[PDB]
Amino acid sequence: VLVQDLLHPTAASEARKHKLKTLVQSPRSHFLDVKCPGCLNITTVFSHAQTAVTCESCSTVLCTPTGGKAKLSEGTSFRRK
Amino acid sequence: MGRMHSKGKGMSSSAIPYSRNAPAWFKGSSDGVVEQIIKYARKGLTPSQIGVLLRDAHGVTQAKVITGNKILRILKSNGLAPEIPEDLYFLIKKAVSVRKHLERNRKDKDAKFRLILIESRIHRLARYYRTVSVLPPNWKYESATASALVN
Amino acid sequence: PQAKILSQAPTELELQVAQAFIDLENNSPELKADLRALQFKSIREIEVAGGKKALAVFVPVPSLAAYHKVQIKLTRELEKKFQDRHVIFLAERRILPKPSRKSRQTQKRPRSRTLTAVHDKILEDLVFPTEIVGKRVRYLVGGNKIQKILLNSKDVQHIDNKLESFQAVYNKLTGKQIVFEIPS
Amino acid sequence: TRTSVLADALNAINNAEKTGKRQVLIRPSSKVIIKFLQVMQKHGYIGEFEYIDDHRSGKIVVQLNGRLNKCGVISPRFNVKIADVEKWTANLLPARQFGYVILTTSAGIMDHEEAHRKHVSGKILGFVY
Amino acid sequence: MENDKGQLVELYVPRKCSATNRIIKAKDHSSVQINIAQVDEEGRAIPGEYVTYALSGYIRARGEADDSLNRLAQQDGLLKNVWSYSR
RNA sequence: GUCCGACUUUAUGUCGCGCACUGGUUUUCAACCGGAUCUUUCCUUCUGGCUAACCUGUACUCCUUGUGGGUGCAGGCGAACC
Ligand SMILES: [Zn+2]
């Protein structure tokens with residue numbers, strides 16, 4: 001503790017700490033490419049989305065607002081961006 | 001962690017990513033993003049809702065990253081900036097709502113104190129927007145002006 | 001078409017680079033249709049240690065957009081044609097001194113024309129294929145400064161050995177030494 | 001609110017020295033902090049510090065070696081005439097043989113001895129010894 | 001410390017903590033001085049030849065004595081990777 | 001170089017304080033301050049003075065064939081100054 005690296009702390013400790021508290025502050029969020037069983041369009045959505053995101057082709061919601069991050073619509077298949 | 005008008009000490013916020021430039025995975029066009037912003041504004045949406053719509057339904061991380069200008073700046077360049085700034089307008093709406101609740105029931109003193117707090121915040125924000133000359137120097141806040149601006 | 005792609009007084013070495021650009025223009029389906037609208041601002045040569053050399057082409061800057069879209073291909077083909085000379089697609093930006101109070105008012109100097117901003121842009125465009133993900137600055141005990149740049153581990157394969165030459169170019173541009181490091 | 005950033009930097013240095021550490025993490029990292037730590041490096045009271053770009057005020061990581069014993073800002077940057085330098089050194093520094101009143105002159109941020117060598121004086125920043 | 005002609009006038013130029021570089025007081029009755037014996041090729045502790053580390057009473061009271069000794073022994077090639085410079 | 005303290009009515013040869021005054025101070029040194037210069041690096045710039053000064057080249061070379069050195073007139077250096 002008396003001698004310790006702050007310029008290069010362990011990446012495990014990086015994921016340990018809070019956002020806004022890293023060496024350089026970086027968001028923990030990410031984007032997703034979701035496909036709805038309806039059509040073949042790939043929709044880009046946010047992990048912590050705040051709106052009932054729907055595909056422009058069909059009036060089917062793909063996410064759902066939540067106190068934290070998005071909860072999907074039980075049938076959409078996603079890939080992390 | 002200041003909480004200007006209360007004793008709160010929270011720091012819940014958002015950390016802007018280090019890289020200013022566009023994300024590698026984004027394939028959209030800056031001109032198309034500007035057109036989308038213009039259309040959303042013409043629908044009658046404030047810049048914050050425009051940003052939230054671009055972040056949720058599309059891959060726009062933030063307008064300044066993609067276009068190079070800010071949302072309100074983009075609207076102003078096209079002459080769609082509202083005559084009252086969005087935060088001040090929302091404060092006006094909240095104040096008129098609490099005043100309505102007050103005049104519909106007198107005995108509630110806590111909402112009276114909250115209206116005092118909201119009016120103080122309105123005065124501070126109006127002073128700021130007045131020294132920057134966004135609002136005319138004669139702009140001020142009294143009763144029945146908040147309703148006129150809101151309605 | 002040698003003279004058109006350089007908006008500067010001719011120099012024997014840069015004519016060869018222009019001819020190489022025409023030879024690049026010979027290939028139709030991907031090296032044409034964008035490359036016609038090209039210019040130059042007096043490409044210059046920077047000596048690298050060990051006998052190596054770094055040519056630095058200087059974009060007028062309005063063409064940077066196109067240059068940036070084209071860069072990777074043109075770089076590898078030019079390295080095929082130009083041996084031992086690493087080619088770097090640098091911008092040219094007007095650095096303005098600050099108004100001394102005893103100097104006279106001209107105009108509000110935009111911050112993009114300033115030394116640190118211009119140097120940041122130059123170092124960011126010293127390499128397209130990789131992106132700067134971190135910037136550290138260490139001041140040695142003896143009184144000299146080093147600007148470590150942390151580059152993405154992804155897309156590191158493009159710059160396999162140009163790093164050192166990059167250093168030299170920045171040094172030759174600034175005198176501010178620089179050390180490249182790639183985080184794990 | 002953060003009024004004097006250099007005060008926060010020097011307080012962090014003092015706290016992380018008294019506890020026996022060898023490093024500090026100063027958050028706001030202005031020009032004045034960089035110049036202050038550079039002077040301390042020049043005079044040996046500090047080790048090998050570091051600027052960490054965040055695109056937002058940056059930060060600084062300071063390496064110590066236990067040689068320092070106290071930093072400290074004179075928070076009201078008093079206009080110090082060239083006659084009043086000696087009074088400040090007497091009131092702040094523990095001995096005449098060492099210690100340095102770091103003060104900002106028109107010729108930059110400098111230790112009091114260097115300022116007296118240039119025969120120039122300005123406002124006072126802090127003191128190190 | 002130094003007389004103008006050039007002779008020392010100080011008495012007992014004091015020791016310093018090997019982990020925090022702070023001097024050791026004359027009456028610092030918490031500080032210790034560890035001796036680690038040098039080891040030859042066949043594991044025979046060579047007598048009268050060792051390496052000394054002066055740990056201050058402050059770090060011992062705080063609780064960083066063993067960690068500091070770990071680091072200090074690792075630096076001078078006594079223990080293999082017992083201490084990591086990045087926590 | 002200059003030289004003075006131990007050698008006492010004197011000094012040098014001598015014992016050097018490692019030079020009591022004055023220089024080479026590019027002996028590397030090391031600073032401690034400046035000044036000018038190159039950066040896409042300006043320090044208010046011109047408009048006439050005055051052209052101070054030689055990027056002037058007109059008549060030319062005083063003198064070793066040597067750009068050391070000049071008598072000198074239209075361009076033309078203005079911070080050397082009005
Ligand atoms: Zn569908």
# chains A, B, ... in the order shown; residues from 1 in each chain; ligands from 1
$ residues_around --residues "residue B:32" --least-positions-apart "5" --cutoff "10 Å" --atoms "only C-alpha atoms (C1' of nucleotides)" --output "ChimeraX atom specification"
/B:37-38,67
$ residues_near_ligand --ligand "ligand 1" --cutoff "12 Å" --atoms "only C-alpha atoms (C1' of nucleotides) and all ligand atoms" --output "count of residues only"
21
$ atom_distance --atom1 "atom CA of residue B:143" --atom2 "atom CA of residue B:120"
14.2 Å
$ interface_residues --of "chain D" --to "chain A" --cutoff "7 Å" --atoms "only C-alpha atoms" --output "short mmCIF file (atom, residue, chain, number, x, y, z; two decimals) with N, CA, C and O atoms, in the first residue's frame"
data_model
loop_
_atom_site.label_atom_id
_atom_site.label_comp_id
_atom_site.auth_asym_id
_atom_site.auth_seq_id
_atom_site.Cartn_x
_atom_site.Cartn_y
_atom_site.Cartn_z
N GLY D 20 3.43 8.25 5.17
CA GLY D 20 4.58 7.45 4.78
C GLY D 20 4.53 6.87 3.38
O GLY D 20 5.35 6.00 3.06
N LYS D 21 3.60 7.31 2.54
CA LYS D 21 3.48 6.79 1.19
C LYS D 21 4.58 7.37 0.30
O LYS D 21 5.41 8.18 0.73
N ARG D 22 4.57 6.97 -0.96
CA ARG D 22 5.53 7.48 -1.93
C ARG D 22 4.85 8.03 -3.18
O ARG D 22 5.55 8.37 -4.14
N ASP D 54 -7.13 13.37 -19.51
CA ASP D 54 -8.50 12.88 -19.52
C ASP D 54 -9.37 13.61 -20.52
O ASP D 54 -10.57 13.32 -20.60
#
$ select_by_dssp --residues "chain A" --states "helix (DSSP H, G or I)" --output "tab-separated table (two decimals) with C-alpha atoms, in the first residue's frame"
chain	number	residue	atom	x	y	z
A	11	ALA	CA	-7.68	-4.42	-15.04
A	12	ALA	CA	-9.60	-6.47	-12.47
A	13	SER	CA	-9.29	-3.48	-10.14
A	14	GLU	CA	-10.35	-1.31	-13.09
A	15	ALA	CA	-13.64	-3.20	-13.39
A	16	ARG	CA	-13.78	-3.22	-9.57
$ residues_around --residues "stretch 55-69 of chain E" --least-positions-apart "6" --cutoff "12 Å" --atoms "only C-alpha atoms (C1' of nucleotides)" --output "PyMOL selection string"
(chain A and resi 1-4) or (chain D and resi 18-22) or (chain E and resi 15-36+75-76+78-79+82-85+87)
$ write_last_selection --atoms "N, CA and C atoms" --output "CSV table (one decimal), in the first residue's frame"
chain,number,residue,atom,x,y,z
A,1,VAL,N,0.8,-1.2,0.0
A,1,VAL,CA,0.0,0.0,0.0
A,1,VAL,C,0.9,1.2,0.0
A,2,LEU,N,2.0,1.2,0.8
A,2,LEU,CA,2.9,2.3,0.8
A,2,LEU,C,3.5,2.5,-0.6
A,3,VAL,N,3.8,1.4,-1.3
A,3,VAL,CA,4.3,1.4,-2.6
A,3,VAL,C,3.4,0.6,-3.5
A,4,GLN,N,2.9,1.2,-4.6
A,4,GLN,CA,1.8,0.7,-5.4
A,4,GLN,C,1.8,1.5,-6.7
D,18,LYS,N,2.8,12.4,5.2
D,18,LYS,CA,2.8,12.1,6.6
D,18,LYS,C,2.5,10.7,6.9
D,19,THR,N,1.6,10.1,6.1
D,19,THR,CA,1.3,8.6,6.3
D,19,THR,C,2.4,7.7,5.8
D,20,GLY,N,3.4,8.2,5.2
D,20,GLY,CA,4.6,7.5,4.8
D,20,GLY,C,4.5,6.9,3.4
D,21,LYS,N,3.6,7.3,2.5
D,21,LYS,CA,3.5,6.8,1.2
D,21,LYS,C,4.6,7.4,0.3
D,22,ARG,N,4.6,7.0,-1.0
D,22,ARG,CA,5.5,7.5,-1.9
D,22,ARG,C,4.9,8.0,-3.2
E,15,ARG,N,20.6,7.2,11.3
E,15,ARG,CA,20.1,6.3,10.3
E,15,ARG,C,18.8,6.8,9.8
E,16,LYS,N,18.3,6.2,8.7
E,16,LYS,CA,17.1,6.6,8.1
E,16,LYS,C,16.3,5.3,7.8
E,17,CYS,N,15.0,5.4,7.9
E,17,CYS,CA,14.1,4.2,7.6
E,17,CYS,C,14.4,3.8,6.1
E,18,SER,N,14.7,2.5,6.0
E,18,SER,CA,15.0,1.9,4.7
E,18,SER,C,13.8,1.8,3.8
E,19,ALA,N,12.6,2.0,4.3
E,19,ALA,CA,11.3,1.9,3.6
E,19,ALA,C,10.6,3.2,3.3
E,20,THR,N,10.8,4.2,4.2
E,20,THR,CA,10.2,5.5,4.0
E,20,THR,C,11.2,6.7,4.0
E,21,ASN,N,12.5,6.4,4.1
E,21,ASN,CA,13.5,7.4,4.0
E,21,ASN,C,13.5,8.4,5.2
E,22,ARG,N,12.7,8.2,6.2
E,22,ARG,CA,12.6,9.1,7.3
E,22,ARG,C,13.7,8.7,8.3
E,23,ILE,N,14.3,9.7,9.0
E,23,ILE,CA,15.3,9.4,10.0
E,23,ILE,C,14.7,8.6,11.2
E,24,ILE,N,15.6,7.9,11.8
E,24,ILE,CA,15.3,7.2,13.0
E,24,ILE,C,15.7,8.0,14.2
E,25,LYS,N,14.8,8.3,15.1
E,25,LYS,CA,15.1,9.0,16.3
E,25,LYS,C,15.9,8.2,17.3
E,26,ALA,N,16.7,8.9,18.1
E,26,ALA,CA,17.5,8.3,19.1
E,26,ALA,C,16.7,7.5,20.1
E,27,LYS,N,15.6,8.0,20.5
E,27,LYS,CA,14.6,7.4,21.4
E,27,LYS,C,13.4,6.8,20.7
E,28,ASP,N,13.5,6.5,19.4
E,28,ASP,CA,12.5,5.8,18.7
E,28,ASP,C,12.4,4.4,19.1
E,29,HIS,N,11.8,4.1,20.2
E,29,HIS,CA,11.7,2.8,20.8
E,29,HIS,C,10.6,2.0,20.2
E,30,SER,N,10.5,2.0,18.9
E,30,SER,CA,9.6,1.0,18.2
E,30,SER,C,10.3,0.5,16.9
E,31,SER,N,11.4,1.2,16.5
E,31,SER,CA,12.0,0.9,15.3
E,31,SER,C,12.9,-0.3,15.4
E,32,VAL,N,13.1,-1.1,14.3
E,32,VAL,CA,13.9,-2.3,14.3
E,32,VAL,C,14.9,-2.3,13.1
E,33,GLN,N,15.9,-3.2,13.2
E,33,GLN,CA,16.8,-3.4,12.1
E,33,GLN,C,17.0,-4.8,11.8
E,34,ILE,N,16.4,-5.3,10.7
E,34,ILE,CA,16.4,-6.7,10.3
E,34,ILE,C,17.7,-7.0,9.6
E,35,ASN,N,18.2,-8.2,9.9
E,35,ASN,CA,19.4,-8.7,9.2
E,35,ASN,C,19.0,-10.0,8.4
E,36,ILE,N,19.3,-10.1,7.2
E,36,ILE,CA,19.0,-11.2,6.3
E,36,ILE,C,20.4,-11.8,5.9
E,75,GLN,N,13.2,-6.3,-4.1
E,75,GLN,CA,14.0,-5.4,-4.9
E,75,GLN,C,15.5,-5.9,-5.0
E,76,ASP,N,16.0,-6.3,-3.8
E,76,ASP,CA,17.4,-6.7,-3.7
E,76,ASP,C,17.6,-8.2,-4.0
E,78,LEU,N,16.0,-11.1,-3.0
E,78,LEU,CA,15.8,-12.1,-1.9
E,78,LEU,C,14.6,-13.0,-2.1
E,79,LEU,N,13.5,-12.5,-2.4
E,79,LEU,CA,12.2,-13.3,-2.6
E,79,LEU,C,11.7,-13.1,-4.0
E,82,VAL,N,7.2,-12.2,-4.5
E,82,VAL,CA,6.4,-12.2,-3.3
E,82,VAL,C,5.5,-10.9,-3.2
E,83,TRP,N,6.0,-9.8,-3.9
E,83,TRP,CA,5.3,-8.5,-3.9
E,83,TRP,C,5.1,-8.0,-5.3
E,84,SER,N,3.9,-7.6,-5.6
E,84,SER,CA,3.6,-7.0,-7.0
E,84,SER,C,3.5,-5.5,-6.9
E,85,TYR,N,4.2,-4.8,-7.8
E,85,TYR,CA,4.3,-3.4,-7.7
E,85,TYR,C,3.0,-2.7,-8.1
E,87,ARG,N,-1.0,-3.1,-7.3
E,87,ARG,CA,-2.0,-3.7,-6.5
E,87,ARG,C,-3.3,-3.9,-7.3
$ residues_around --residues "residue B:41" --least-positions-apart "4" --cutoff "12 Å" --atoms "only C-alpha atoms (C1' of nucleotides)" --output "list in words"
residues 34, 35, 36, 37, 45, 46, 47, 48, 49, 50, 51, 53, 71, 72, 74, 75, 76, 78, 79, 80, 81 and 82 of chain B
$ interface_residues --of "chain A" --to "chain B" --cutoff "9 Å" --atoms "only C-alpha atoms" --output "PyMOL selection string"
chain A and resi 19-20+24-28+31+43-55+81
$ write_last_selection --atoms "N, CA, C and O atoms" --output "CSV table (one decimal), in the first residue's frame"
chain,number,residue,atom,x,y,z
A,19,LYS,N,-17.4,3.8,-12.1
A,19,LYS,CA,-17.2,4.8,-13.2
A,19,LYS,C,-17.0,6.2,-12.6
A,19,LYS,O,-17.5,6.4,-11.5
A,20,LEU,N,-16.3,7.1,-13.3
A,20,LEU,CA,-16.0,8.4,-12.8
A,20,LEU,C,-14.9,8.3,-11.8
A,20,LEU,O,-14.6,9.3,-11.2
A,24,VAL,N,-8.6,7.2,-16.2
A,24,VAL,CA,-9.4,8.0,-17.1
A,24,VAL,C,-10.8,7.4,-17.0
A,24,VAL,O,-11.0,6.2,-17.0
A,25,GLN,N,-11.8,8.3,-16.9
A,25,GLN,CA,-13.2,7.8,-16.7
A,25,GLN,C,-13.8,7.4,-18.0
A,25,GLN,O,-13.8,8.1,-19.0
A,26,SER,N,-14.3,6.2,-18.0
A,26,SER,CA,-14.9,5.6,-19.2
A,26,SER,C,-16.2,4.9,-18.8
A,26,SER,O,-16.3,4.3,-17.8
A,27,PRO,N,-17.2,5.0,-19.7
A,27,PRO,CA,-18.5,4.4,-19.4
A,27,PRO,C,-18.4,2.9,-19.4
A,27,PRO,O,-17.6,2.3,-20.1
A,28,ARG,N,-19.3,2.3,-18.6
A,28,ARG,CA,-19.4,0.8,-18.5
A,28,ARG,C,-20.5,0.4,-19.5
A,28,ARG,O,-20.6,-0.9,-19.6
A,31,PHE,N,-23.3,-0.6,-26.8
A,31,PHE,CA,-24.4,-0.7,-27.7
A,31,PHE,C,-24.6,-2.1,-28.2
A,31,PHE,O,-23.7,-3.0,-28.0
A,43,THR,N,-31.2,-3.5,-35.6
A,43,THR,CA,-31.5,-2.2,-34.9
A,43,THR,C,-30.4,-2.0,-33.9
A,43,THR,O,-30.1,-2.9,-33.1
A,44,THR,N,-29.8,-0.8,-33.9
A,44,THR,CA,-28.8,-0.4,-32.9
A,44,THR,C,-29.4,0.2,-31.7
A,44,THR,O,-30.1,1.3,-31.8
A,45,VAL,N,-29.2,-0.4,-30.5
A,45,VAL,CA,-29.9,0.1,-29.3
A,45,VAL,C,-28.8,0.3,-28.3
A,45,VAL,O,-27.7,-0.2,-28.4
A,46,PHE,N,-29.2,0.9,-27.2
A,46,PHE,CA,-28.3,1.3,-26.1
A,46,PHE,C,-28.6,0.3,-24.9
A,46,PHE,O,-29.7,-0.2,-24.7
A,47,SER,N,-27.5,0.0,-24.2
A,47,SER,CA,-27.6,-1.0,-23.1
A,47,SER,C,-28.6,-0.4,-22.0
A,47,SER,O,-29.5,-1.1,-21.5
A,48,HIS,N,-28.4,0.9,-21.7
A,48,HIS,CA,-29.3,1.6,-20.7
A,48,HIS,C,-30.3,2.5,-21.3
A,48,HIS,O,-30.6,3.6,-20.9
A,49,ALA,N,-31.0,2.0,-22.4
A,49,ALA,CA,-31.9,2.7,-23.1
A,49,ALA,C,-33.1,3.2,-22.2
A,49,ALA,O,-33.4,2.6,-21.2
A,50,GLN,N,-33.7,4.3,-22.6
A,50,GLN,CA,-34.8,4.9,-21.8
A,50,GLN,C,-36.1,5.0,-22.5
A,50,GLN,O,-37.0,5.5,-21.9
A,51,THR,N,-36.3,4.4,-23.7
A,51,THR,CA,-37.5,4.5,-24.4
A,51,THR,C,-37.8,3.1,-25.0
A,51,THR,O,-37.0,2.2,-25.1
A,52,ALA,N,-39.1,2.9,-25.3
A,52,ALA,CA,-39.6,1.7,-25.8
A,52,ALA,C,-39.2,1.6,-27.3
A,52,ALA,O,-40.0,2.0,-28.2
A,53,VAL,N,-38.0,1.2,-27.5
A,53,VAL,CA,-37.4,1.2,-28.9
A,53,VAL,C,-38.1,0.2,-29.7
A,53,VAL,O,-38.2,-1.0,-29.3
A,54,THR,N,-38.6,0.6,-30.9
A,54,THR,CA,-39.2,-0.3,-31.9
A,54,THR,C,-38.5,-0.2,-33.2
A,54,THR,O,-37.9,0.8,-33.6
A,55,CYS,N,-38.6,-1.3,-34.0
A,55,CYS,CA,-38.1,-1.3,-35.4
A,55,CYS,C,-39.0,-0.4,-36.2
A,55,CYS,O,-40.2,-0.3,-36.0
A,81,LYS,N,-22.0,-4.8,-29.4
A,81,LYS,CA,-21.2,-4.0,-30.3
A,81,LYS,C,-19.8,-3.8,-29.8
A,81,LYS,O,-18.8,-3.8,-30.6
